[PDB]
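Here is how the chains run, residue by residue.
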Amino acid sequence: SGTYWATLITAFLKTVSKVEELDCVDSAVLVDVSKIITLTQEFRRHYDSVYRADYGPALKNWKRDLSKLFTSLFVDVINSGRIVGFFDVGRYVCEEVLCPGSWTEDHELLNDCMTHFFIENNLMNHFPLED
């Protein structure tokens with residue numbers, strides 16, 4: 001527990017940005033990326049119009065303000081459902097704002113802040129991790 005979610009956090013991060021298959025995850029850390037991914041894709045497809053909320057202005061400088069968007073998650077309700085946006089966002093920026101085939105300095109911004117937030121946002125303790 002603790003930073004274990006970091007290595008796994010980048011998994012879904014790179015796994016979506018096609019990076020010759022990130023070779024830095026446990027035998028089980030791979031499956032997690034599969035399950036979480038299912039929720040990420042479904043969240044993007046289902047929740048699309050609702051994204052009008054504030055999924056633009058903040059994504060303009062997410063490189064200098066990546067975690068700034070993760071603050072919305074822990075504003076009132078940090079339920080699993082609302083947490084999905086955390087990982088889901090990584091797929092929205094990795095497949096729209098950040099071209100795949102390379103983990104350019106950009107993609108890192110996501111993982112660099114993703115965990116930096118998730119960490120202080122240790123909510124992961126409840127994040128879908130039971131199956």
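Look above for the structure.
Residues numbered from 1 in each chain as written, not as in the entry; some residues may be left out. Heavy atoms only, no water.

1. Section: the packing of helix α1 (residues 4–16) against helix α2 (residues 29–46)
Alright, step 1. Close contact between α1 and α2 brings their axes to 9 Å; oriented N to C, the two are set at 60 degrees. The angle between the axes of α1 and α2 places the two elements in the oblique class. The interaxial crossing formed by α1 with α2 has right-handed handedness. In this structure, α1 uses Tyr4, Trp5, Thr7, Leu8, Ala11, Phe12, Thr15 and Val16 to contact α2, whose residues at the interface are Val29, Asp32, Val33, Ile36, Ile37 and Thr40.
Alright, step 2. Here the residues of the contact of α1 with α2 are counted per class, giving 10 nonpolar, three polar and one charged. (Axes fitted to C-alpha atoms, helices over the stretch in contact; angles between N-to-C directions. Helix = DSSP H or I, 4+ residues; strand = E, 2+ residues; numbered from the N terminus. Parallel < 35°, antiparallel > 145°, perpendicular 65-115°, else oblique. Left-handed = near helix turned anticlockwise from the far one by under 90°. Contact = heavy atoms within 4.5 Å. Nonpolar A, V, L, I, M, F, W, Y, C, P; charged D, E, K, R; others polar.)

2. Some thoughts on the nonpolar core
For soluble globular proteins, the rule of thumb is that nonpolar side chains tend to be buried together.
Alright, step 1. Of all hydrophobic cores here, the largest spans 34 residues; its most connected members are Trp5, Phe86, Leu110 and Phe127.
Alright, step 2. Not counting chain neighbours up to four residues away, the residues in contact with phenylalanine 86 comprise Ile9, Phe70, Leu73, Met114, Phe117 and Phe118. (Core = buried A, V, L, I, M, F, W, Y, C linked by side-chain atoms within 4.5 Å. Buried < 20%, exposed > 50% of the residue type's maximum accessible area, 1.4 Å probe, protein only.)

3. What about the environment of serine 49?
Alright, step 1. Inspection of the secondary structure puts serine 49 in the loop between α2 and α3 (67–70).
Alright, step 2. Sequence separation of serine 49 and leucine 8 is 41 residues, and the distance between their C-alpha atoms is 29 Å.

4. Regarding helix α4 (residues 80–94)
Alright, step 1. Between its first and last C-alpha, α4 extends 22 Å over 15 residues, near the 21 Å set by a 1.5 Å rise per residue.
Alright, step 2. In α4, a bend of some 30 degrees at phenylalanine 87 exceeds every other bend along the element.
Alright, step 3. Across the 15 residues that make up α4, a large majority, 12, are buried.
Alright, step 4. By the burial criterion, the buried members of α4 are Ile83, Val84, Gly85, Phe86, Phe87, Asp88, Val89, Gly90, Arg91, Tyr92, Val93 and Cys94.
Alright, step 5. Looking at the buried residues of α4, the elements they touch are α1, α2, α3 and α5 (105–120). (Expected span 1.5 Å × (residues − 1). Bend = angle between axes of the 7 residues up to and from the residue.)

5. A few points about unusual backbone geometry
Alright, step 1. We note that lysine 18 has phi near 40 degrees; this positive angle belongs to a residue other than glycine.
Alright, step 2. With respect to the element layout, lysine 18 can be found in the loop between α1 and α2.
Alright, step 3. For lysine 18, a relative accessible area of 60% puts it in the exposed group.
Alright, step 4. Positive phi values are uncommon outside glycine, yet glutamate 21 reaches one of about 70 degrees.
Alright, step 5. One can find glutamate 21 in the loop between α1 and α2.
Alright, step 6. Judged by relative accessible area, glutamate 21 falls into the exposed class, the value being 67%.

6. Focus: the pattern of salt bridges
Alright, step 1. Counted by the stated rule, this structure contains three salt bridges.
Alright, step 2. Here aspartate 131 ties to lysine 35 by a salt bridge, and the two come within 3.0 Å at their closest N and O atoms. On the criterion of sequence distance, the pair formed by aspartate 131 in the segment after α5 and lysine 35 in helix α2 is long-range, its members being 96 residues apart.
Alright, step 3. A relative accessible area of 82% means that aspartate 131 is categorised as exposed.
Alright, step 4. Its salt-bridge partner being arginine 44, residue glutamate 96 comes within 3.0 Å of it at the nearest N-O pair. (Salt bridge = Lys/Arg side-chain N within 4 Å of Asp/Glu carboxyl O.)

Shape descriptors only; they carry no functional weight alone.
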